[PDB]
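Engineer: Sharing input_36.tsv (TSV, C-alpha atoms) below.
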```
chain	number	residue	atom	x	y	z
A	1	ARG	CA	44.44	2.65	-49.72
A	2	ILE	CA	45.78	5.16	-47.18
A	3	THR	CA	44.23	6.77	-44.11
A	4	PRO	CA	45.71	10.09	-42.86
A	5	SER	CA	44.11	10.04	-39.42
A	6	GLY	CA	43.32	6.37	-39.07
A	7	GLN	CA	39.95	5.24	-40.34
A	8	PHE	CA	37.07	7.36	-39.05
A	9	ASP	CA	34.60	6.82	-41.88
A	10	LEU	CA	34.61	3.02	-42.07
A	11	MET	CA	32.56	1.44	-39.32
A	12	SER	CA	35.34	-1.08	-38.61
A	13	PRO	CA	36.71	-4.36	-39.84
A	14	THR	CA	37.19	-5.40	-36.20
A	15	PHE	CA	34.28	-4.58	-33.90
A	16	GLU	CA	33.53	-6.78	-30.91
A	17	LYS	CA	29.87	-6.75	-31.94
A	18	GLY	CA	29.34	-10.03	-30.11
A	19	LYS	CA	30.35	-8.41	-26.82
A	20	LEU	CA	27.98	-5.50	-27.49
A	21	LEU	CA	25.09	-7.80	-28.37
A	22	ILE	CA	25.69	-10.00	-25.33
A	23	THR	CA	25.78	-6.97	-23.02
A	24	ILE	CA	22.44	-5.86	-24.48
A	25	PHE	CA	21.13	-9.34	-23.76
A	26	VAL	CA	22.43	-9.02	-20.20
A	27	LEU	CA	20.25	-5.93	-19.91
A	28	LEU	CA	17.21	-7.79	-21.20
A	29	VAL	CA	17.67	-10.75	-18.85
A	30	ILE	CA	18.10	-8.53	-15.81
A	31	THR	CA	14.82	-6.86	-16.81
A	32	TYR	CA	13.20	-10.30	-16.92
A	33	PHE	CA	14.58	-11.02	-13.45
A	34	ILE	CA	13.57	-7.88	-11.60
A	35	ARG	CA	10.31	-6.61	-13.13
A	36	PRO	CA	7.83	-9.27	-11.89
A	37	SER	CA	9.90	-9.53	-8.72
A	38	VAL	CA	10.17	-5.88	-7.84
A	39	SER	CA	6.65	-4.92	-8.93
A	40	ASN	CA	5.00	-7.67	-6.85
A	41	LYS	CA	7.42	-7.36	-3.94
A	42	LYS	CA	7.35	-3.64	-3.39
A	43	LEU	CA	3.73	-2.84	-4.30
A	44	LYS	CA	2.28	-5.63	-2.19
A	45	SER	CA	4.77	-5.36	0.68
A	46	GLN	CA	4.51	-1.60	1.08
A	47	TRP	CA	0.72	-1.71	0.83
A	48	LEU	CA	0.59	-4.66	3.29
A	49	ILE	CA	-2.74	-5.64	1.75
B	1	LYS	CA	-16.45	-4.25	-20.64
B	2	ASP	CA	-13.90	-2.12	-18.80
B	3	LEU	CA	-16.53	0.35	-17.56
B	4	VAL	CA	-17.39	-2.29	-14.95
B	5	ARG	CA	-14.15	-1.83	-13.03
B	6	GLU	CA	-15.05	1.81	-12.33
B	7	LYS	CA	-17.73	0.68	-9.87
B	8	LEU	CA	-15.34	-1.81	-8.46
B	9	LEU	CA	-12.77	0.93	-7.96
B	10	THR	CA	-15.47	2.81	-6.06
B	11	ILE	CA	-16.58	-0.23	-4.11
B	12	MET	CA	-13.15	-0.95	-2.69
B	13	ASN	CA	-12.48	2.64	-1.69
B	14	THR	CA	-16.06	3.44	-0.68
B	15	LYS	CA	-17.23	0.15	0.90
B	16	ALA	CA	-20.48	0.75	-0.97
B	17	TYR	CA	-21.42	-2.90	-0.40
B	18	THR	CA	-21.76	-2.29	3.34
B	19	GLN	CA	-25.13	-0.51	3.15
B	20	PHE	CA	-26.53	-2.43	0.17
B	21	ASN	CA	-29.75	-4.41	0.19
B	22	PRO	CA	-29.08	-8.19	0.02
B	23	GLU	CA	-31.19	-8.18	-3.15
B	24	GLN	CA	-28.97	-5.67	-4.93
B	25	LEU	CA	-25.93	-7.06	-3.11
B	26	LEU	CA	-26.75	-10.48	-4.57
B	27	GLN	CA	-27.06	-8.76	-7.94
B	28	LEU	CA	-23.76	-7.03	-7.27
B	29	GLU	CA	-21.89	-10.25	-6.56
B	30	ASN	CA	-23.38	-11.88	-9.66
B	31	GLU	CA	-22.57	-8.82	-11.79
B	32	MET	CA	-19.09	-8.79	-10.30
B	33	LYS	CA	-18.08	-12.42	-10.85
B	34	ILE	CA	-18.73	-12.28	-14.62
B	35	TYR	CA	-16.33	-9.35	-15.04
B	36	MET	CA	-13.94	-10.70	-12.43
B	37	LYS	CA	-13.57	-13.96	-14.35
B	38	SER	CA	-13.90	-12.52	-17.87
B	39	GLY	CA	-12.48	-9.00	-18.01
B	40	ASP	CA	-9.02	-9.80	-16.67
B	41	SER	CA	-7.25	-7.15	-18.79
B	42	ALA	CA	-5.34	-3.95	-18.02
B	43	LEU	CA	-5.90	-3.87	-14.22
B	44	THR	CA	-3.16	-3.85	-11.59
B	45	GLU	CA	-2.28	-6.74	-9.31
B	46	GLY	CA	-2.96	-4.55	-6.30
B	47	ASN	CA	-6.40	-3.83	-7.67
B	48	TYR	CA	-6.70	-7.56	-8.38
B	49	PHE	CA	-6.24	-8.57	-4.75
B	50	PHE	CA	-8.27	-5.66	-3.42
B	51	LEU	CA	-11.05	-6.94	-5.68
B	52	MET	CA	-10.44	-10.47	-4.56
B	53	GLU	CA	-10.83	-9.79	-0.87
B	54	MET	CA	-13.78	-7.53	-1.68
B	55	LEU	CA	-15.25	-10.65	-3.28
B	56	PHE	CA	-14.54	-12.54	-0.08
B	57	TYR	CA	-16.29	-9.94	2.06
B	58	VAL	CA	-19.22	-9.74	-0.36
B	59	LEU	CA	-19.50	-13.54	-0.14
B	60	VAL	CA	-19.48	-13.44	3.65
B	61	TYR	CA	-22.05	-10.67	3.29
B	62	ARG	CA	-23.86	-13.07	1.02
B	63	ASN	CA	-26.02	-15.72	2.64
B	64	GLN	CA	-24.03	-18.57	1.10
B	65	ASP	CA	-20.53	-18.51	2.58
B	66	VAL	CA	-18.60	-21.64	1.54
B	67	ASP	CA	-17.24	-19.69	-1.45
B	68	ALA	CA	-15.66	-17.37	1.11
B	69	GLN	CA	-13.30	-20.21	1.99
B	70	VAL	CA	-12.51	-20.56	-1.73
B	71	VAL	CA	-11.57	-16.93	-2.13
B	72	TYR	CA	-9.59	-16.83	1.10
B	73	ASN	CA	-7.57	-19.91	0.18
B	74	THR	CA	-6.76	-18.45	-3.23
B	75	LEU	CA	-5.87	-15.09	-1.62
B	76	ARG	CA	-3.76	-16.69	1.14
B	77	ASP	CA	-0.85	-17.09	-1.28
B	78	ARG	CA	0.70	-13.64	-0.84
B	79	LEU	CA	2.30	-12.18	2.30
B	80	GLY	CA	1.12	-15.25	4.23
B	81	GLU	CA	-1.39	-14.13	6.85
B	82	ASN	CA	0.45	-11.40	8.79
B	83	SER	CA	-1.02	-8.34	7.10
B	84	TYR	CA	-4.00	-6.58	8.62
B	85	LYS	CA	-6.44	-8.06	6.13
B	86	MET	CA	-5.68	-11.73	6.72
B	87	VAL	CA	-5.99	-11.08	10.45
B	88	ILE	CA	-9.45	-9.76	9.60
B	89	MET	CA	-10.32	-12.67	7.32
B	90	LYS	CA	-9.15	-15.32	9.77
B	91	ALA	CA	-10.92	-13.67	12.68
B	92	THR	CA	-14.25	-13.36	10.86
B	93	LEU	CA	-13.86	-16.92	9.54
B	94	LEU	CA	-13.13	-18.32	13.01
B	95	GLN	CA	-16.01	-16.27	14.38
B	96	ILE	CA	-18.53	-17.28	11.69
B	97	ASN	CA	-17.43	-20.85	10.97
B	98	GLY	CA	-18.73	-22.17	14.31
B	99	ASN	CA	-20.02	-19.05	16.08
B	100	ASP	CA	-17.09	-19.49	18.48
B	101	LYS	CA	-15.60	-16.46	20.22
B	102	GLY	CA	-12.08	-17.95	19.97
B	103	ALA	CA	-10.39	-15.55	17.55
B	104	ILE	CA	-10.48	-12.72	20.09
B	105	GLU	CA	-8.17	-14.44	22.54
B	106	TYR	CA	-5.97	-15.59	19.67
B	107	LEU	CA	-6.09	-11.94	18.66
B	108	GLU	CA	-5.74	-10.74	22.28
B	109	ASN	CA	-2.13	-11.88	22.71
B	110	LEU	CA	-1.58	-10.46	19.22
B	111	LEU	CA	-2.07	-6.98	20.63
B	112	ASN	CA	0.16	-8.02	23.53
B	113	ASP	CA	2.62	-8.97	20.81
B	114	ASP	CA	1.98	-5.54	19.29
B	115	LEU	CA	3.48	-4.13	22.51
B	116	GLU	CA	6.75	-4.16	20.54
B	117	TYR	CA	4.95	-2.57	17.55
B	118	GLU	CA	5.54	-5.69	15.47
B	119	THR	CA	3.09	-4.24	12.92
B	120	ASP	CA	2.12	-0.75	11.79
B	121	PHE	CA	-0.14	1.58	13.74
B	122	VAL	CA	-2.99	1.34	11.21
B	123	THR	CA	-2.92	-2.44	11.64
B	124	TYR	CA	-3.75	-2.62	15.31
B	125	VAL	CA	-5.95	0.45	14.88
B	126	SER	CA	-8.05	-1.80	12.67
B	127	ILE	CA	-7.59	-4.69	15.11
B	128	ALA	CA	-8.89	-2.45	17.89
B	129	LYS	CA	-11.85	-1.62	15.67
B	130	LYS	CA	-12.68	-5.21	14.78
B	131	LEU	CA	-12.05	-6.64	18.25
B	132	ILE	CA	-14.49	-4.07	19.58
B	133	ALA	CA	-16.84	-5.14	16.79
B	134	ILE	CA	-16.51	-8.66	18.20
B	135	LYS	CA	-16.99	-7.42	21.74
B	136	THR	CA	-20.21	-5.57	20.96
B	137	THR	CA	-21.46	-9.02	19.98
B	138	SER	CA	-20.01	-10.41	23.20
B	139	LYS	CA	-21.76	-7.58	25.05
B	140	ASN	CA	-24.64	-7.34	22.64
B	141	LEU	CA	-25.19	-3.59	23.00
B	142	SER	CA	-24.59	-0.82	25.52
B	143	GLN	CA	-23.50	2.79	25.86
B	144	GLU	CA	-20.32	1.58	27.60
B	145	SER	CA	-19.18	0.39	24.17
B	146	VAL	CA	-18.25	4.04	23.69
B	147	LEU	CA	-16.62	3.96	27.11
B	148	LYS	CA	-14.63	1.01	25.77
B	149	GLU	CA	-13.84	3.14	22.73
B	150	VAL	CA	-12.41	5.77	25.07
B	151	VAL	CA	-9.82	3.37	26.47
B	152	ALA	CA	-9.11	2.51	22.83
B	153	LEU	CA	-9.66	6.01	21.35
B	154	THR	CA	-8.47	8.77	23.68
B	155	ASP	CA	-5.55	6.69	24.93
B	156	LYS	CA	-4.17	5.36	21.64
B	157	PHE	CA	-5.44	7.00	18.40
B	158	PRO	CA	-7.48	10.20	18.15
B	159	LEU	CA	-6.52	10.39	14.48
B	160	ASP	CA	-8.98	7.84	13.06
B	161	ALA	CA	-12.02	9.92	12.17
B	162	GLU	CA	-14.08	6.74	11.90
B	163	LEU	CA	-13.81	6.26	15.67
B	164	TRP	CA	-15.16	9.73	16.47
B	165	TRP	CA	-17.77	9.36	13.74
B	166	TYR	CA	-19.01	6.06	15.17
B	167	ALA	CA	-18.94	7.50	18.69
B	168	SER	CA	-21.21	10.26	17.41
B	169	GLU	CA	-23.90	7.70	16.55
B	170	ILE	CA	-24.07	6.23	20.05
B	171	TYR	CA	-24.11	9.72	21.55
B	172	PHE	CA	-26.73	10.90	19.05
B	173	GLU	CA	-29.18	8.02	19.39
B	174	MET	CA	-29.95	8.44	23.11
B	175	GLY	CA	-26.95	10.24	24.63
B	176	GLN	CA	-26.37	13.95	24.88
B	177	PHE	CA	-26.60	15.60	21.47
B	178	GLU	CA	-23.89	18.20	22.25
B	179	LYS	CA	-20.87	15.89	22.46
B	180	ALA	CA	-21.68	14.74	18.95
B	181	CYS	CA	-21.13	18.35	17.88
B	182	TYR	CA	-17.68	18.35	19.50
B	183	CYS	CA	-16.82	14.99	17.97
B	184	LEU	CA	-17.98	16.02	14.49
B	185	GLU	CA	-15.84	19.13	14.88
B	186	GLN	CA	-12.97	16.77	15.63
B	187	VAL	CA	-13.80	14.93	12.40
B	188	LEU	CA	-13.43	18.25	10.63
B	189	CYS	CA	-10.08	18.58	12.36
B	190	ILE	CA	-8.87	15.31	10.85
B	191	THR	CA	-10.05	15.92	7.27
B	192	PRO	CA	-10.65	19.44	5.94
B	193	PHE	CA	-13.39	18.73	3.41
B	194	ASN	CA	-15.77	16.13	4.81
B	195	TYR	CA	-19.04	17.55	3.50
B	196	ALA	CA	-21.27	14.95	5.19
B	197	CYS	CA	-19.93	15.64	8.64
B	198	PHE	CA	-21.03	19.13	7.65
B	199	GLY	CA	-24.64	18.05	7.17
B	200	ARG	CA	-24.60	15.89	10.26
B	201	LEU	CA	-23.01	18.53	12.49
B	202	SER	CA	-25.93	20.78	11.60
B	203	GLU	CA	-28.52	18.06	12.12
B	204	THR	CA	-27.28	17.28	15.64
B	205	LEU	CA	-27.46	21.00	16.45
B	206	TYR	CA	-31.00	21.11	15.07
B	207	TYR	CA	-32.10	18.12	17.15
B	208	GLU	CA	-30.42	19.70	20.18
B	209	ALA	CA	-32.30	22.92	19.39
B	210	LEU	CA	-35.65	21.11	19.31
B	211	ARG	CA	-35.29	20.56	23.09
B	212	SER	CA	-33.60	23.86	24.06
B	213	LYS	CA	-34.64	27.36	25.12
B	214	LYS	CA	-35.91	30.02	22.73
B	215	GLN	CA	-32.68	32.02	22.64
B	216	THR	CA	-30.73	28.78	22.32
B	217	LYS	CA	-33.22	27.69	19.66
B	218	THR	CA	-32.43	30.77	17.58
B	219	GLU	CA	-28.70	30.56	18.38
B	220	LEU	CA	-28.42	26.88	17.44
B	221	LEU	CA	-30.60	27.32	14.36
B	222	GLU	CA	-28.38	30.21	13.21
B	223	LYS	CA	-25.26	28.12	13.78
B	224	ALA	CA	-27.01	25.28	11.94
B	225	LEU	CA	-27.60	27.63	9.02
B	226	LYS	CA	-23.95	28.60	8.90
B	227	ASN	CA	-22.89	24.93	9.07
B	228	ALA	CA	-25.32	23.92	6.33
B	229	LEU	CA	-24.07	26.85	4.28
B	230	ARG	CA	-20.61	25.49	5.02
B	231	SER	CA	-21.83	22.29	3.39
B	232	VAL	CA	-22.84	24.20	0.26
B	233	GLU	CA	-19.40	25.65	-0.48
B	234	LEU	CA	-18.06	22.10	-0.90
B	235	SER	CA	-20.73	21.03	-3.40
B	236	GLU	CA	-23.50	22.19	-5.72
B	237	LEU	CA	-25.91	19.22	-5.94
B	238	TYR	CA	-25.21	17.98	-2.39
B	239	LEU	CA	-28.74	16.94	-1.43
B	240	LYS	CA	-28.34	17.11	2.33
B	241	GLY	CA	-26.68	20.53	2.73
B	242	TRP	CA	-29.13	22.30	0.43
B	243	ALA	CA	-32.02	20.39	1.95
B	244	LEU	CA	-31.05	21.23	5.54
B	245	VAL	CA	-30.71	24.91	4.59
B	246	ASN	CA	-34.17	24.72	3.06
B	247	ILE	CA	-35.51	22.88	6.13
B	248	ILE	CA	-34.46	25.47	8.68
B	249	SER	CA	-35.62	28.12	6.18
B	250	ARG	CA	-39.02	26.38	6.13
B	251	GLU	CA	-38.96	26.59	9.91
B	252	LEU	CA	-37.95	30.28	9.93
B	253	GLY	CA	-38.98	31.61	6.52
B	254	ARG	CA	-37.73	35.16	7.11
B	255	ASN	CA	-37.21	37.55	4.20
B	256	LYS	CA	-33.54	37.03	3.32
B	257	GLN	CA	-33.86	33.33	3.81
B	258	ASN	CA	-36.96	33.48	1.59
B	259	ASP	CA	-34.61	34.51	-1.21
B	260	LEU	CA	-32.26	31.73	-0.19
B	261	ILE	CA	-35.31	29.43	-0.34
B	262	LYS	CA	-35.80	30.50	-3.94
B	263	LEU	CA	-32.13	29.84	-4.73
B	264	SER	CA	-32.09	26.59	-2.74
B	265	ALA	CA	-35.33	25.58	-4.45
B	266	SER	CA	-33.74	26.06	-7.87
B	267	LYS	CA	-30.73	24.01	-6.74
B	268	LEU	CA	-32.88	21.37	-5.00
B	269	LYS	CA	-35.10	20.98	-8.07
B	270	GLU	CA	-31.89	20.61	-10.07
B	271	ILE	CA	-30.90	17.92	-7.55
B	272	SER	CA	-34.36	16.34	-7.70
B	273	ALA	CA	-33.97	16.21	-11.46
B	274	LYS	CA	-33.56	12.60	-12.46
B	275	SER	CA	-29.74	12.88	-12.76
B	276	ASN	CA	-29.85	11.47	-9.21
B	277	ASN	CA	-31.42	8.05	-8.44
B	278	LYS	CA	-33.56	6.91	-5.39
B	279	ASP	CA	-32.20	9.87	-3.39
B	280	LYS	CA	-34.50	11.84	-5.63
B	281	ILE	CA	-37.41	10.05	-3.98
B	282	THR	CA	-36.45	11.46	-0.59
B	283	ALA	CA	-35.59	14.86	-2.13
B	284	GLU	CA	-38.87	15.16	-4.03
B	285	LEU	CA	-40.84	13.86	-1.05
B	286	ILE	CA	-39.76	16.79	1.10
B	287	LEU	CA	-39.94	19.19	-1.85
B	288	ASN	CA	-43.56	18.48	-2.78
B	289	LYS	CA	-44.84	17.51	0.68
B	290	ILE	CA	-44.27	20.98	2.09
```
What's the structure tokens form of this structure?

Structural biologist:
Amino acid sequence: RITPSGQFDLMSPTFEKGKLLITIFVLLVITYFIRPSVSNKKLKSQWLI
Amino acid sequence: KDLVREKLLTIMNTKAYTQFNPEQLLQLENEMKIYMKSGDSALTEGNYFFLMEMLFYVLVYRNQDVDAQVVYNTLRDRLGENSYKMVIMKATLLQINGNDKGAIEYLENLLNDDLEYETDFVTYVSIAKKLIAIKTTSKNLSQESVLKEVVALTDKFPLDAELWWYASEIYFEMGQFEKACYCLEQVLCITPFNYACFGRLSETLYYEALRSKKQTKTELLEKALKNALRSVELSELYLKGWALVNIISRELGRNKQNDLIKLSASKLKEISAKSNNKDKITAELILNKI
């Protein structure tokens, strides 16, 4: 089996899918960190209720 | 039922509770608590705590007040006590809990600590308002309360329309009825579209005209017409602008105003239609009386 250009059709045999998935999870955890924090902090601090 | 929160949204922004009968206020607090405890869905935290303090202030308005301590303790969690509201809650608590004057002096140095502007301008604007509200209990009533307002109003913050509006009342009750016209004009300066300062600014002219000369009577009545007509452009069913137009037209009754009486009568009967509640009783009373 021969590839003229190197394989462009095959997805890969050798992705670092684990790195991609973990980076996505890093996004989700940082959401979990900031959203209650920033929503409470800024809305209630700038309104000075 | 989420329709409930609509009134609550009004009641925070409008302070509708302030002029409510303790019978309907007691109903209001009972009707509130069921939705406050039950319908906890889909409403913001900021609305939550605005509703929570508005529960506190209803409860202090209520005749039982121990629950006020409950609500305050639960609401003391956030931003400590330094915001304008917790200064209000602690002052009214310290003033009501024992009928001791103490909070004022504990608030007095606070304004002397506001010499650095440690808090925003609206904060000690409201502190000036509520410390004067304390002081008019210290000095139970007088016209010099307004003179106190001047050292608080014309020195520090013309911008609060509430201050000029309140000053109008003390001028209007027994003071000269002309400086209320100036102050209500200043209210118009602050906000473009206050349509109840429009009705009042005409009423104070009318009451001034009742004690004036004939040429000033006609002059002030004509200005009152043009101010009440200025009311009308901001609203269709506004009961007080249309009514005050019709009132001075009842007084004068001259041909072109007789047409405006017919038009105002159609609009005032539309107002006195039952779309409006209780206000209709005052509207119909003047309509059918004369």

Engineer: Counting all atoms listed in the file, which of B:153, B:91, B:54, B:110 gets nearest to residue 130 of chain B?

Structural biologist: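 Of the candidates, the smallest distance to residue 130 of chain B is held by B:91.
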
Engineer: With a distance threshold of 7 Å and counting only C-alpha atoms, extract the residues of chain A near chain B and express them as a compact mmCIF listing (two decimals) with C-alpha atoms, keeping the file's coordinate frame.

Structural biologist:
```txt
# COMPACT_ATOMS: atom_id res chain seq x y z
CA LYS A 44 2.28 -5.63 -2.19
CA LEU A 48 0.59 -4.66 3.29
CA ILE A 49 -2.74 -5.64 1.75
```

Engineer: Could you jot down the atom CA of residue 68 of chain B to atom CA of residue 6 of chain B separation for me, Å, one decimal place?

Structural biologist: 23.4 Å

Engineer: Please list as a list in words every residue within 10 Å of residue 164 of chain B, counting all atoms listed in the file and excluding residues in the same chain fewer than 6 positions away.

Structural biologist: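 Those residues are residues 146, 149, 150, 153, 154, 158, 180, 182, 183, 184, 185, 186 and 187 of chain B.
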
Engineer: In Å, rounded to a single decimal, give me how far atom CA of residue 134 of chain B is from atom CA of residue 18 of chain B.

Structural biologist: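 Computed distance, atom CA of residue 18 of chain B to atom CA of residue 134 of chain B, equals 17.0 Å.
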
Engineer: Of the candidates B:125, B:243, B:228, B:200, which shows the shortest atom-to-atom distance to residue 286 of chain B, using only C-alpha atoms?

Structural biologist: B:243

Engineer: Give me segment 159-182 of chain B with N, CA and C atoms filled in, as a PDB file, keeping the file's coordinate frame.

Structural biologist:
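To be explicit, this is the file written out as result-v6.pdb:
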```
ATOM      1  N   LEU B 159      -6.596   9.965  15.872  1.00  0.00           N
ATOM      2  CA  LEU B 159      -6.520  10.390  14.480  1.00  0.00           C
ATOM      3  C   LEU B 159      -7.581   9.735  13.602  1.00  0.00           C
ATOM      4  N   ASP B 160      -7.967   8.495  13.887  1.00  0.00           N
ATOM      5  CA  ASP B 160      -8.980   7.840  13.060  1.00  0.00           C
ATOM      6  C   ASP B 160     -10.306   8.568  13.213  1.00  0.00           C
ATOM      7  N   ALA B 161     -10.749   9.204  12.129  1.00  0.00           N
ATOM      8  CA  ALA B 161     -12.020   9.920  12.170  1.00  0.00           C
ATOM      9  C   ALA B 161     -13.187   8.962  12.290  1.00  0.00           C
ATOM     10  N   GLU B 162     -13.025   7.731  11.803  1.00  0.00           N
ATOM     11  CA  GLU B 162     -14.080   6.740  11.900  1.00  0.00           C
ATOM     12  C   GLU B 162     -14.494   6.503  13.347  1.00  0.00           C
ATOM     13  N   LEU B 163     -13.522   6.472  14.255  1.00  0.00           N
ATOM     14  CA  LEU B 163     -13.810   6.260  15.670  1.00  0.00           C
ATOM     15  C   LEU B 163     -14.682   7.373  16.252  1.00  0.00           C
ATOM     16  N   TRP B 164     -14.325   8.629  15.997  1.00  0.00           N
ATOM     17  CA  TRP B 164     -15.160   9.730  16.470  1.00  0.00           C
ATOM     18  C   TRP B 164     -16.499   9.766  15.757  1.00  0.00           C
ATOM     19  N   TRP B 165     -16.523   9.377  14.487  1.00  0.00           N
ATOM     20  CA  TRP B 165     -17.770   9.360  13.740  1.00  0.00           C
ATOM     21  C   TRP B 165     -18.711   8.301  14.312  1.00  0.00           C
ATOM     22  N   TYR B 166     -18.189   7.108  14.585  1.00  0.00           N
ATOM     23  CA  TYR B 166     -19.010   6.060  15.170  1.00  0.00           C
ATOM     24  C   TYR B 166     -19.470   6.451  16.563  1.00  0.00           C
ATOM     25  N   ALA B 167     -18.574   7.056  17.353  1.00  0.00           N
ATOM     26  CA  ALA B 167     -18.940   7.500  18.690  1.00  0.00           C
ATOM     27  C   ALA B 167     -20.086   8.501  18.630  1.00  0.00           C
ATOM     28  N   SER B 168     -20.140   9.285  17.549  1.00  0.00           N
ATOM     29  CA  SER B 168     -21.210  10.260  17.410  1.00  0.00           C
ATOM     30  C   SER B 168     -22.556   9.549  17.354  1.00  0.00           C
ATOM     31  N   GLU B 169     -22.618   8.386  16.708  1.00  0.00           N
ATOM     32  CA  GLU B 169     -23.900   7.700  16.550  1.00  0.00           C
ATOM     33  C   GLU B 169     -24.466   7.285  17.902  1.00  0.00           C
ATOM     34  N   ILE B 170     -23.624   6.688  18.743  1.00  0.00           N
ATOM     35  CA  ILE B 170     -24.070   6.230  20.050  1.00  0.00           C
ATOM     36  C   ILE B 170     -24.387   7.405  20.966  1.00  0.00           C
ATOM     37  N   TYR B 171     -23.658   8.519  20.854  1.00  0.00           N
ATOM     38  CA  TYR B 171     -24.110   9.720  21.550  1.00  0.00           C
ATOM     39  C   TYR B 171     -25.440  10.231  21.000  1.00  0.00           C
ATOM     40  N   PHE B 172     -25.587  10.257  19.678  1.00  0.00           N
ATOM     41  CA  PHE B 172     -26.730  10.900  19.050  1.00  0.00           C
ATOM     42  C   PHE B 172     -28.022  10.137  19.274  1.00  0.00           C
ATOM     43  N   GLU B 173     -27.954   8.808  19.340  1.00  0.00           N
ATOM     44  CA  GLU B 173     -29.180   8.020  19.390  1.00  0.00           C
ATOM     45  C   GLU B 173     -29.962   8.285  20.671  1.00  0.00           C
ATOM     46  N   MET B 174     -29.310   8.162  21.830  1.00  0.00           N
ATOM     47  CA  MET B 174     -29.950   8.440  23.110  1.00  0.00           C
ATOM     48  C   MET B 174     -29.093   9.289  24.042  1.00  0.00           C
ATOM     49  N   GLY B 175     -27.806   9.459  23.764  1.00  0.00           N
ATOM     50  CA  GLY B 175     -26.950  10.240  24.630  1.00  0.00           C
ATOM     51  C   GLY B 175     -27.145  11.718  24.398  1.00  0.00           C
ATOM     52  N   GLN B 176     -26.272  12.502  25.019  1.00  0.00           N
ATOM     53  CA  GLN B 176     -26.370  13.950  24.880  1.00  0.00           C
ATOM     54  C   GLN B 176     -25.960  14.351  23.467  1.00  0.00           C
ATOM     55  N   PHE B 177     -26.773  15.205  22.858  1.00  0.00           N
ATOM     56  CA  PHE B 177     -26.600  15.600  21.470  1.00  0.00           C
ATOM     57  C   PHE B 177     -25.549  16.680  21.280  1.00  0.00           C
ATOM     58  N   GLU B 178     -24.916  17.166  22.352  1.00  0.00           N
ATOM     59  CA  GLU B 178     -23.890  18.200  22.250  1.00  0.00           C
ATOM     60  C   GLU B 178     -22.496  17.633  22.028  1.00  0.00           C
ATOM     61  N   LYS B 179     -22.187  16.488  22.633  1.00  0.00           N
ATOM     62  CA  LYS B 179     -20.870  15.890  22.460  1.00  0.00           C
ATOM     63  C   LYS B 179     -20.685  15.337  21.057  1.00  0.00           C
ATOM     64  N   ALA B 180     -21.778  15.008  20.373  1.00  0.00           N
ATOM     65  CA  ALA B 180     -21.680  14.740  18.950  1.00  0.00           C
ATOM     66  C   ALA B 180     -21.206  15.964  18.180  1.00  0.00           C
ATOM     67  N   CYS B 181     -21.601  17.167  18.600  1.00  0.00           N
ATOM     68  CA  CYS B 181     -21.130  18.350  17.880  1.00  0.00           C
ATOM     69  C   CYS B 181     -19.626  18.532  18.047  1.00  0.00           C
ATOM     70  N   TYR B 182     -19.123  18.341  19.267  1.00  0.00           N
ATOM     71  CA  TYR B 182     -17.680  18.350  19.500  1.00  0.00           C
ATOM     72  C   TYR B 182     -16.976  17.282  18.678  1.00  0.00           C
TER      73      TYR B 182
END
```
